[PDB]
file coords_18.cif (mmCIF, C-alpha atoms)
data_upload
loop_
_atom_site.label_atom_id
_atom_site.label_comp_id
_atom_site.auth_asym_id
_atom_site.auth_seq_id
_atom_site.Cartn_x
_atom_site.Cartn_y
_atom_site.Cartn_z
CA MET F 1 156.70 37.49 102.12
CA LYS F 2 153.29 36.03 101.19
CA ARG F 3 150.68 33.75 102.74
CA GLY F 4 150.44 30.26 101.26
CA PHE F 5 147.39 29.12 99.31
CA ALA F 6 146.67 25.60 97.97
CA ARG F 7 143.90 25.30 95.38
CA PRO F 8 141.38 22.50 96.17
CA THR F 9 139.17 20.50 93.82
CA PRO F 10 136.73 22.98 92.19
CA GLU F 11 133.21 23.23 93.64
CA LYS F 12 130.32 22.08 91.40
CA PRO F 13 128.91 24.92 89.27
CA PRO F 14 125.12 25.17 88.87
CA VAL F 15 124.06 22.95 85.96
CA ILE F 16 122.45 24.45 82.81
CA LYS F 17 119.42 22.60 81.37
CA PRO F 18 118.58 22.90 77.62
CA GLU F 19 115.04 22.72 76.18
CA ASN F 20 113.61 21.79 72.75
CA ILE F 21 110.23 23.52 72.18
CA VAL F 22 107.91 23.36 69.12
CA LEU F 23 105.46 26.29 68.66
CA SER F 24 101.64 26.14 68.47
CA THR F 25 100.31 26.50 64.89
CA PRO F 26 98.05 29.61 64.49
CA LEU F 27 94.28 29.55 63.94
CA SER F 28 92.70 29.61 60.46
CA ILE F 29 90.21 32.29 59.36
CA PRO F 30 86.66 30.85 58.92
CA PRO F 31 85.62 30.84 55.22
CA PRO F 32 82.58 33.07 54.30
CA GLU F 33 79.33 31.12 54.77
CA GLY F 34 76.36 33.19 53.57
CA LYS F 35 72.64 33.61 54.30
CA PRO F 36 70.07 34.20 51.45
CA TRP F 37 68.95 37.47 53.08
CA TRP F 38 66.70 38.69 50.21
CA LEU F 39 64.42 35.62 50.43
CA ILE F 40 63.22 36.34 53.99
CA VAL F 41 62.88 40.05 53.08
CA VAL F 42 60.36 39.22 50.31
CA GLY F 43 58.72 36.70 52.68
CA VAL F 44 57.74 39.22 55.42
CA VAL F 45 56.30 41.48 52.69
CA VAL F 46 54.10 38.77 51.12
CA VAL F 47 52.71 37.65 54.52
CA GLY F 48 52.13 41.32 55.38
CA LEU F 49 50.39 42.14 52.08
CA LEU F 50 47.95 39.23 52.68
CA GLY S 1 42.48 33.45 42.66
CA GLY S 2 39.70 31.71 44.60
CA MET S 3 39.69 34.44 47.27
CA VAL S 4 39.32 37.19 44.64
CA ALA S 5 36.66 35.16 42.77
CA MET S 6 34.74 34.51 46.03
CA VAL S 7 34.73 38.26 46.80
CA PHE S 8 33.64 39.12 43.23
CA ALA S 9 30.78 36.60 43.29
CA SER S 10 29.74 37.93 46.71
CA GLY S 11 29.47 41.39 45.11
CA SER S 12 31.94 43.59 47.02
CA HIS S 13 33.64 44.84 43.82
CA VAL S 14 36.41 46.33 46.00
CA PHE S 15 39.23 45.01 43.73
CA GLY S 16 38.01 46.90 40.66
CA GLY S 17 40.47 49.46 39.32
CA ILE S 18 43.50 50.36 41.46
CA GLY S 19 42.26 48.15 44.30
CA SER S 20 43.59 45.22 42.20
CA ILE S 21 47.20 46.24 43.02
CA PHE S 22 47.14 44.10 46.20
CA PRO S 23 46.40 40.74 44.47
CA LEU S 24 48.74 41.67 41.59
CA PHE S 25 51.83 42.47 43.71
CA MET S 26 51.27 39.39 45.91
CA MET S 27 50.94 37.03 42.92
CA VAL S 28 54.22 38.48 41.56
CA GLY S 29 56.04 38.09 44.89
CA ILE S 30 54.95 34.44 45.11
CA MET S 31 56.32 33.88 41.60
CA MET S 32 59.79 35.17 42.59
CA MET S 33 60.06 32.78 45.57
CA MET S 34 58.88 29.57 43.86
CA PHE S 35 60.56 29.84 40.46
CA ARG S 36 63.96 31.45 41.09
CA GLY S 37 64.52 31.35 44.86
CA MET S 38 67.76 29.86 46.16
CA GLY S 39 69.28 26.38 46.22
CA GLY S 40 70.58 24.32 49.13
CA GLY S 41 73.95 22.72 49.81
CA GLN S 42 73.66 20.68 46.61
CA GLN S 43 74.18 23.93 44.62
CA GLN S 44 77.54 24.93 46.10
CA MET S 45 78.23 27.74 43.58
CA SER S 46 75.96 30.32 45.14
CA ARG S 47 76.85 33.80 43.81
CA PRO S 48 78.68 34.97 47.00
CA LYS S 49 81.04 31.92 47.09
CA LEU S 50 81.90 31.72 43.36
#
call {"tool": "encode", "arguments": {"input": "coords_18.cif", "output": "structure tokens"}}
result
Amino acid sequence: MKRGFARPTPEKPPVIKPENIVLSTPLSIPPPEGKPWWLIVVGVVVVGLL
Amino acid sequence: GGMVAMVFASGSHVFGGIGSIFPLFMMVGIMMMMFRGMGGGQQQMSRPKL
């Protein structure tokens, strides 16, 4: 002998929420801008020699 | 040249012989800056970028 059991309407399960995400594009390395170092080196010599 | 000439007319005679190395090196250093030197943004192909 067993106890009776009637199955009711199922309870609401917790809802799953999807997500579409697009990534951030990485930074770009700065190209090599360059100073004319030798010019100012000769400069301080000429003004000094005067 | 006027400075050296002014000193020579005044009679110091300090630039005779090796003393002349000061005017000589200066006049050469000035030549390097004005004739060759370096260009601006209009001359994009500076040695380090090319």
call {"tool": "resolve_selection", "arguments": {"input": "coords_18.cif", "expression": "the PyMOL selection byres ((chain S) within 12 of (chain F))", "output": "ChimeraX atom specification"}}
result
/S:3-4,21-34,36-41,44-50
call {"tool": "atom_distance", "arguments": {"input": "coords_18.cif", "atom1": "atom CA of residue S:20", "atom2": "atom CA of residue S:5"}}
result
12.2 Å
call {"tool": "atom_distance", "arguments": {"input": "coords_18.cif", "atom1": "atom CA of residue F:37", "atom2": "atom CA of residue S:42"}}
result
18.6 Å
call {"tool": "axis_aligned_box", "arguments": {"input": "coords_18.cif", "around": "stretch 24-35 of chain F", "padding_each_side": "5 Å", "output": "AutoDock Vina command-line options"}}
result
--center_x 87.1 --center_y 29.9 --center_z 61.0 --size_x 39.0 --size_y 17.5 --size_z 24.9
call {"tool": "atom_distance", "arguments": {"input": "coords_18.cif", "atom1": "atom CA of residue S:19", "atom2": "atom CA of residue S:6"}}
result
15.7 Å
